[PDB]
Amino acid sequence: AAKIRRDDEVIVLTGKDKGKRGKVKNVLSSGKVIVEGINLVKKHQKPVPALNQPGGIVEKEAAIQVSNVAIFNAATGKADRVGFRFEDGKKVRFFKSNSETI
Amino acid sequence: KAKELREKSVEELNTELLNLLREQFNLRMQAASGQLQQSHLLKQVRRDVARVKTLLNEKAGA
Amino acid sequence: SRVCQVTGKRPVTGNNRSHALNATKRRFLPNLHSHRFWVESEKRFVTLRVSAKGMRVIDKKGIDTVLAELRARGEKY
Amino acid sequence: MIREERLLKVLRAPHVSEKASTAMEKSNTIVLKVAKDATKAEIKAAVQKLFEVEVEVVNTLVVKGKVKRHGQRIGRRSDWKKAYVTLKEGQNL
Amino acid sequence: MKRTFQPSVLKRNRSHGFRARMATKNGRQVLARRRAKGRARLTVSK
RNA sequence: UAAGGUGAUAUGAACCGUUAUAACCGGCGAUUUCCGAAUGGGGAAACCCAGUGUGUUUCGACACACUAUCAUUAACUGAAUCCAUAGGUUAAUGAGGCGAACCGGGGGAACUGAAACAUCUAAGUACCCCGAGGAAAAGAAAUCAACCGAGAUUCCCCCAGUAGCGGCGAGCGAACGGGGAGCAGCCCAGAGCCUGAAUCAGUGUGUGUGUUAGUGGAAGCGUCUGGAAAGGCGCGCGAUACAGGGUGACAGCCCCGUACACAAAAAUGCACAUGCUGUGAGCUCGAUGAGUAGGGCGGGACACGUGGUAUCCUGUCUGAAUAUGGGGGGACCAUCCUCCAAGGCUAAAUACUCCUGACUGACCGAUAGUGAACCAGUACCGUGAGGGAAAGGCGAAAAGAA
RNA sequence: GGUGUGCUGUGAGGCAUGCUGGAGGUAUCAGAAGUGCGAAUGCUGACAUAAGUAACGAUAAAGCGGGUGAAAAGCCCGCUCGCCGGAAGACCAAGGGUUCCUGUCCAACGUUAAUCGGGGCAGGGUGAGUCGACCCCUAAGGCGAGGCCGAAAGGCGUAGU
RNA sequence: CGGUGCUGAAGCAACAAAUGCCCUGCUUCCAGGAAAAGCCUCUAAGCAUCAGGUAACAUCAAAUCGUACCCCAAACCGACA
Ligand SMILES: [Mg+2]
Ligand SMILES: [Mg+2]
Ligand SMILES: [Mg+2]
Ligand SMILES: [Mg+2]
Ligand SMILES: [Mg+2]
Ligand SMILES: [Mg+2]
Ligand SMILES: [Mg+2]
Ligand SMILES: [Mg+2]
Ligand SMILES: [Mg+2]
Ligand SMILES: [Mg+2]
Ligand SMILES: [Mg+2]
Ligand SMILES: [Mg+2]
Ligand SMILES: [Mg+2]
Ligand SMILES: [Mg+2]
Ligand SMILES: [Mg+2]
Ligand SMILES: [Mg+2]
Ligand SMILES: [Mg+2]
Ligand SMILES: [Mg+2]
Ligand SMILES: [Mg+2]
Ligand SMILES: [Mg+2]
Ligand SMILES: [Mg+2]
Ligand SMILES: [Mg+2]
Ligand SMILES: [Mg+2]
Ligand SMILES: [Mg+2]
Ligand SMILES: [Mg+2]
Ligand SMILES: [Mg+2]
Ligand SMILES: [Mg+2]
Ligand SMILES: [Mg+2]
Ligand SMILES: [Mg+2]
Ligand SMILES: [Mg+2]
Ligand SMILES: [Mg+2]
Ligand SMILES: [Mg+2]
Ligand SMILES: [Mg+2]
Ligand SMILES: [Mg+2]
Ligand SMILES: [Mg+2]
Ligand SMILES: [Mg+2]
Ligand SMILES: [Mg+2]
Ligand SMILES: [Mg+2]
């Protein structure tokens with residue numbers, strides 16, 4: 001019943017990364033997703049003597065609201081909305097624009 | 001699990017119950033000594049002990 | 001307690017009214033007495049704590065009829 | 001006897017400490033965390049069966065849990081029973 | 001000076017303990033009120 | 001139902017799962033230590049100590065089950081004392097405790113008002129006690145009426161602050177009758193004939209409709225400002241969906257929903273139908289609630305404070321008639337009218353909300369609103385009953401400062 | 001909302017605007033009020049004053065050397081001195097409940113400083129046939145099958161416990 | 001540098017002496033000084049081969065809970081070291 005799922009190719013609708021595309025790394029329970037290369041932050045990670053891991057300014061992907069991304073319909077090269085229907089006995093997703101099953 | 005276990009007799013499950021309990025006891029000693037890296041094994045053996053005792057209590061009634 | 005075993009009479013509350021009509025709470029106790037009744041059907045004596053009116057009831061309805069109702073109500077004797 | 005299913009539950013952990021170590025190498029005594037309701041009879045049978053050694057005598061004591069303070073809230077650790085199990089002279093572990 | 005509270009856990013339990021409260025109907029109403037209020041400690045105890 | 005999961009502070013670790021034995025949600029099961037009515041005995045609640053019977057044996061022991069009281073029924077026993085009875089034992093069934101209000105009953109204040117105060121008021125209130133149910137109680141005329149009639153009970157609006165009661169003070173305060181909500185009538189006190197025929201209950205079955213998880217669910221882009229667009233401007237589209245919430249500022253068309261259309265293996269409510277079991281309908285002829293009605297004395301209840309006081313209840317002492325009879329119509333009598341007490345049962349309209357869901361607010365917005373927006377009946381105070389707080393906001397995102 | 005300024009009305013007030021603030025506000029005409037505070041020895045919170053004032057809790061008493069340390073009158077070690085010694089020593093019960101021991105830390109707590117502590121954090125520590133409890137037995141007393149009594153609740157009490 | 005290890009002489013007599021012990025005694029007085037069990041003994045019912053008792057030896061068992069620390073005290077009762 002989730003429209004945006006892991007490994008989907010989405011395009012960002014709002015924010016500083018508007019218009020950029022990427023793949024959904026993983027979905028968080030709070031209704032946020034992590035899209036690789038999207039919404040990067042510079043975290044000041046401090047060193048830990050356990051593992052002797054040094055500090056440094058690391059760039060990571062920050063979680064983004066799932067309503068701020070839309071699944072990317074490569075057939076039309078635009079964002080699109082997702083619907084649901086049963087093909088044989090299983091629920092599938094399809095693009096709202098051209099009713100093509102994802 | 002819980003399906004191969006149902007295909008066993010009452011006396012066979014009792015042997016399987018002791019094996020799990022001995023297995024569970026060994027894990028506690030390893031976990032206490034700090035030699036157990038796979039801590040997830042503790043919950044596993046604890047859950048299937050519950051599965052065995054569930055069937056024994058079921059086969060007792062029928 | 002002060003309850004007649006035959007009629008069920010029990011203490012009731014009222015007022016003492018003086019001449020100036022001052023009202024103070026009081027009770028009216030029943031005229032209870034322990035009395036041994038000879039039941040001929042059993043050739044035996046049965047003692048009951050009855051009011052004086054209860055004895056009038058017994059000599060009118062008969063002791064056996066009264067004893068039948070006490071069993072019907074569950075009271076022991 | 002005592003059922004083995006019961007014996008497989010009374011022993012919890014071997015207590016490790018400085019006093020436990022010297023008791024092992026000076027009096028041939030092991031120190032164990034045992035179940036709260038374990039008796040000296042149960043502890044003796046369990047060690048002789050599970051560790052396959054001969055037990056001389058068992059001494060037990062109940063340890064009272066400390067009252068710690070997590071941040072701003074106060075808590076209390078659980079009480080547990082400690083057993084001093086003396087083995088025969090010619091036994092190892 | 002000798003103050004008023006001279007503690008003794010035996011007298012404390014015999015006077016305000018749980019079984020003392022459960023003995024009479026008035027003590028049981030005390031427990032009822034404390035359960036209704038939601039007290040964490042009904043009576044004196046360890 | 002699903003591609004994500006292993007409750008929260010709260011990361012991490014070790015793992016699980018991804019087309020269906022991950023997880024999650026629901027039905028039904030299983031497990032369910034100890035205390036607590038606590039029920040084997042005891043006890044300073046969460047502990048101590050048993051008894052009996054069994055299954056176990058590695059003779060150290062071990063496992064399980066049972067063992068409270070009272071009530072009713074039954075069986076067997078069984079004194080003084082011949083019979084008997086009391087008593088005793090066993091068995092079966094039931095009960096006990098808790099819970100916010102509402103309900104019936106048993107008891108029942110004072111402050112206060114009267115500008116003091118005793119009758120009176122407050123008030124049959126607060127409170128205590130007992131009992132019960134989803135409601136309870138009441139209820140099928142020994143009722144009213146007025147010479148015309150009505151036709152059980154309960155609740156609402158009138159009647160009416162009237163008639164009355166009242167140190168005739170303070171105050172208390174109807175009924176008749178009318179308009180409404182709701183509407184239902186039956187049984188025993190007894191035989192017979194017919195008979196098991198209406199009816200209800202129990203227990204199945206089937207059908208229908210709920211409830212307990214759910215499924216689908218329309219339609220937008222461009223540009224400007226800006227950290228960010230849902231805003232401005234432009235041009236579109238949906239609407240049985242412009243309830244609402246969220247999303248980096250204010251979104252019908254981003255998300256969750258919403259209108260609408262659907263959905264149950266299993267349990268369960270309600271209806272129906274049907275089966276089983278118990279239950280007995282109909283007719284004729286009889287019967288018609290006695291220490292009762294009434295009375296004396298003392299109280300109480302009726303709006304009615306004993307007054308000229310009817311009516312009702314009864315602690316005490318009495319005591320009828322019994323349908324050729326009896327009750328009532330506000331002292332009482334006569335006449336007339338009307339009803340049939342001393343045996344019961346009975347749905348609805350009414351009262352309430354500890355609790356569950358949905359929705360609403362010219363209700364509050366952190367000294368407010370619950371005492372408690374926060375780990376609050378907590379910290380703290382008290383021997384105890386009991387009392388009882390303070391304390392919300394980084395940011396869009398921790399990007400929480402290497 | 002806050003904080004200034006200017007203007008304006010007879011007044012309660014109003015308007016405009018700089019700065020702050022960073023998301024709501026609301027004309028007009030009506031409607032409804034938890035509608036206006038300086039007083040109530042008002043209530044709650046905050047902050048003053050006295051004032052860097054009194055006090056630092058027995059007049060048994062300290063001195064020095066060394067150590068540790070960012071820092072030593074107070075800690076550690078040493079040498080003197082002083083005080084208690086029918087206690088200011090040692091040990092139980094009661095009561096408390098981890099205050100015990102080791103490592104570590106010094107914000108707060110300690111009436112000063114603190115490297116120290118009964119303070120914070122972590123770890124450790126309580127071993128019983130003979131000690132105590134439990135157990136057996138009873139005292140005062142409690143409860144109390146039946147029982148007697150009592151409007152109810154309950155009271156008393158036998159066997160017992 | 002706190003402590004740890006090893007070794008180890010004499011280890012007697014006299015006198016004094018308790019409010020402690022003998023003493024739950026003795027003496028004396030009036031105000032006349034718990035209970036029950038353990039323990040010893042006696043039989044009834046009953047049991048009489050038995051059972052049971054006494055003695056010896058052997059063997060087994062003795063569970064559970066408390067046990068740190070403070071006590072004219074900075075840890076208990078006094079809001080306080
Ligand atoms: Mg030993
Ligand atoms: Mg011990
Ligand atoms: Mg006392
Ligand atoms: Mg009991
Ligand atoms: Mg019990
Ligand atoms: Mg006889
Ligand atoms: Mg008065
Ligand atoms: Mg009066
Ligand atoms: Mg019910
Ligand atoms: Mg009724
Ligand atoms: Mg859906
Ligand atoms: Mg949609
Ligand atoms: Mg969005
Ligand atoms: Mg008249
Ligand atoms: Mg007529
Ligand atoms: Mg508040
Ligand atoms: Mg505020
Ligand atoms: Mg408050
Ligand atoms: Mg401004
Ligand atoms: Mg003010
Ligand atoms: Mg003023
Ligand atoms: Mg001041
Ligand atoms: Mg001065
Ligand atoms: Mg001065
Ligand atoms: Mg001074
Ligand atoms: Mg000082
Ligand atoms: Mg110095
Ligand atoms: Mg501490
Ligand atoms: Mg110390
Ligand atoms: Mg200081
Ligand atoms: Mg400390
Ligand atoms: Mg009794
Ligand atoms: Mg008694
Ligand atoms: Mg000790
Ligand atoms: Mg000690
Ligand atoms: Mg001491
Ligand atoms: Mg001392
Ligand atoms: Mg002192």
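In what follows, chains are A, B, ... by sequence order, proteins preceding strands, each numbered from 1. Side-chain atoms are counted along with the backbone in the values below, which use heavy atoms only and exclude waters and symmetry mates.
Between the base of G/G142 and the side chain of E/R14 there is no donor-acceptor pair shorter than 3.5 Å. Taking 3.5 Å as the limit, the base of F/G384 and the side chain of E/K11 contain no donor-acceptor pair of atoms between them. No N or O donor and acceptor, one from the side chain of A/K46 and one from the base of F/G400, sit under 3.5 Å apart. Donor-acceptor pairing under 3.5 Å, judged by distance alone, is present between the side chain of E/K37 and the base of F/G388. For D/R76 against G/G97, a side-chain-to-base donor-acceptor contact under 3.5 Å is absent. A donor-acceptor contact under 3.5 angstrom links the side-chain atoms of C/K60 to the base of F/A290. A donor and an acceptor atom never sit less than 3.5 Å apart when one is taken from the side chain of E/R34 and the other from the base of F/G377.
OP1 or OP2 of F/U31 sits under 4.0 Å from a side-chain N or O of B/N57. Distances shorter than 4.0 Å separate none of the side-chain N or O atoms of D/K66 from OP1 or OP2 on G/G125. Taking 4.0 angstrom as the limit, A/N39 places none of its side-chain polar atoms (N or O) nearer than this to OP1 or OP2 of F/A397. For D/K40 and G/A128, the shortest distance from a side-chain N or O to OP1 or OP2 is below 4.0 Å. In terms of phosphate contacts, A/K96 brings no side-chain nitrogen or oxygen within less than 4.0 Å of OP1 or OP2 of F/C253. C/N16 has no side-chain polar atom (N or O) that falls below the 4.0 Å cut-off from OP1 or OP2 of F/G299. Between F/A3 and A/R5, a contact under 4.0 Å exists linking OP1 or OP2 to a side-chain N or O. When the side-chain nitrogen and oxygen atoms of E/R35 are compared with OP1 and OP2 of F/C98, none of them lie within a distance under 4.0 Å. Distances shown here put a side-chain N or O of C/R56 below 4.0 Å from the OP1 or OP2 atom of F/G319. The side chain of A/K43 places no N or O atom within less than 4.0 Å of a non-bridging phosphate oxygen (OP1 or OP2) of F/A402. A sub-4.0 Å separation between OP1 or OP2 of F/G300 and a side-chain N or O of C/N15 is present. Applying the 4.0 Å criterion to OP1 and OP2 of F/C221, one finds that A/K78 has every side-chain N and O outside that range. Between A/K42 and F/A399 there is no side-chain N or O to OP1 or OP2 distance below 4.0 Å. One finds a side-chain N or O of D/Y84 lying less than 4.0 angstrom from the OP1 or OP2 phosphate oxygen of G/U126.
A negative value of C1'-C2'-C3'-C4' puts the sugar of G/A33 in the south, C2'-endo-like family.
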Q | Nucleotide-resolved protein contact map, nucleotides 143-153 of chain G, B/S/- at heavy-atom distance under 4.0 Å | A | -------BSSS

Q. What string of B, S and - do you get for nucleotides 69-81 of chain H 5' to 3' if you count protein non-hydrogen atoms under 4.0 Å?
A. --------SS---

Q: Report, as a single string ordered 5' to 3', how protein heavy atoms within less than 4.0 Å touch nucleotides 117-122 of chain F: B base, S sugar-phosphate only, - not at all.
A: -SSS--

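A cation-pi contact links A/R85 to A/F94, judged by a cut-off of 6.0 Å to the six-membered ring centre and 45° from its axis.
Side-chain atoms of D/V85 and D/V31, non-hydrogen and from C-beta on, never get closer than 4.5 Å to each other.
Contact annotation for A/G83: backbone-only contact, meaning every heavy-atom pair under 4.0 Å involves sugar-phosphate atoms and none involves a base. A/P47 comes within 4.0 angstrom of sugar-phosphate atoms only, judged by non-hydrogen atoms across all strands, and of no base.
Electrostatic pairing of B/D48 and B/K43 does not count as a salt bridge here, judged by no charged N lying under 4.0 Å from a carboxylate O.
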For nucleotides 7-16 of chain F, print each protein N/O atom paired with a nucleotide N/O atom at under 3.5 Å, atom names and distance only.
| unit_1 | atom_1 | unit_2 | atom_2 | d |
| --- | --- | --- | --- | --- |
| F/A14 | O2' | B/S39 | N | 3.3 |
| F/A14 | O2' | B/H40 | N | 3.1 |
| F/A14 | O2' | B/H40 | ND1 | 2.7 |
| F/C15 | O5' | B/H40 | ND1 | 3.3 |

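Taking the syn range as angles within 90° of 0, the glycosidic angle of F/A323 is syn. F/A249: glycosidic angle within 90° of 0, hence syn. Using a 90° window around 0 for the glycosidic torsion, G/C47 falls outside it and is classed as anti. Base orientation of G/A51: anti (glycosidic angle beyond 90° from 0). Because its glycosidic torsion is within 90° of 0, F/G60 is reported here as syn.
Side-chain proximity of A/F84 to F/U318, F/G298, F/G216: nearest is F/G216.
When the side chains of ILVMFWY residues are joined at heavy-atom separations under 4.5 Å, either directly or via intervening members, B/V10 and B/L55 end up in a single hydrophobic cluster.
Grouping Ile, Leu, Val, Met, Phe, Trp and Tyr by side-chain contacts under 4.5 Å, direct or through others, puts A/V66 with A/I4, A/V10, A/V12, A/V24, A/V27, A/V33, A/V35, A/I38, A/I64, A/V69, A/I71, A/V82, A/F95, A/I102.
In RNA chain H, the stems built from three or more successive Watson-Crick or G-U pairs (distances below 3.5 Å) are G:131-133 with H:64-66.
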